[PDB]
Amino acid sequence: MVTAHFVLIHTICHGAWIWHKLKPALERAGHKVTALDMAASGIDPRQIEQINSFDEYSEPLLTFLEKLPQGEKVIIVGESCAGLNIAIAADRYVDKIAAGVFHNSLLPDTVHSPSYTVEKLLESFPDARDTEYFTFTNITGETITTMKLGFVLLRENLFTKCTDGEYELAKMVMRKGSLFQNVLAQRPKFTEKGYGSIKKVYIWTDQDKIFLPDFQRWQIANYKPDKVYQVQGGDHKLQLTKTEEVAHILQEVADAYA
């Protein structure tokens, strides 16, 4: 129906590998799909300790968008923390973006600080259970906290309904990550002209065991998307547990925003 170019953006600690089932699904319907590793994620060669902000973390997306041929538009699909990558990119390249799709994701706004929905998530889900934390100082002196996600947290909260083959893959390639929360606290808010203006579709499930229903419904209330699609069942990783559902919603988004 409309075929589109989708750019898929994994969350912190993960990599382009999280989209290994969704990328062929979309390509079966004629779409062009780009799945990117953000800095220090997946097989990106940088280590997290050399990344100094969330905007530097987003560099693979911003370079890609910088090079997109004149006149092409993409649909950026972001899971979990990647809603901050969509907002950073949309402020810089608003006219290359047909729409932002948030998949059980942070939905930033223009009214509060960039770290605001991170504050809210951590308030809703304050214990990362067996996750380990570490810190380093970034090049301007700020202390950055990194984490290594715990495998119990991975099995029960993130990959709740995923097959054993998928959970095992997650453990074999997961890397350290950081919210850069304090640097986000200090960041200028997202602009109305860029991020504020793009089309926004929010996909979620009430069976998510880490972005809990109440936080997700709060986000929607706080900055109402153009469209909200609720998938029944699945878990936090709907691109693994409800792959054909997400491919179908994404076809609707290509039909609507081309």
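Throughout, we count residues from 1 along the sequence that is shown.
Student: Per the entry, where is the mean C-alpha temperature factor higher: 28-36 or 43-51?
Tutor: Higher of the two, by average CA B-factor, is 28-36.
Student: Once you work out the mean C-alpha B-factor for both 85-93 and 123-131 from the entry, which is higher?
Tutor: Per the deposited B-factors, the answer is 123-131.
Student: Name the third of the chain's ranked CA B-factors that contains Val7, choosing lowest, middle or highest.
Tutor: For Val7, whose C-alpha B-factor we compare with every modelled residue in the chain, the answer is the lowest third.
Student: Going by the recorded CA B-factors, say which third of the chain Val111 sits in, lowest, middle or highest.
Tutor: Highest third of the chain for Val111's C-alpha B-factor.
Student: Ranking the modelled residues of this chain by C-alpha B-factor as given in the entry, is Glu142 in the lowest, middle or highest third?
Tutor: Highest third, going by the recorded CA B-factors of the chain.
Student: Could you tell me which third, lowest, middle or highest, the C-alpha B-factor of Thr191 occupies within its chain?
Tutor: As the PDB entry reports it, the C-alpha B-factor of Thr191 lands in the middle third of its chain.
Student: Going by the recorded CA B-factors, say which third of the chain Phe215 sits in, lowest, middle or highest.
Tutor: For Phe215, the deposited C-alpha B-factor lands in the highest third.
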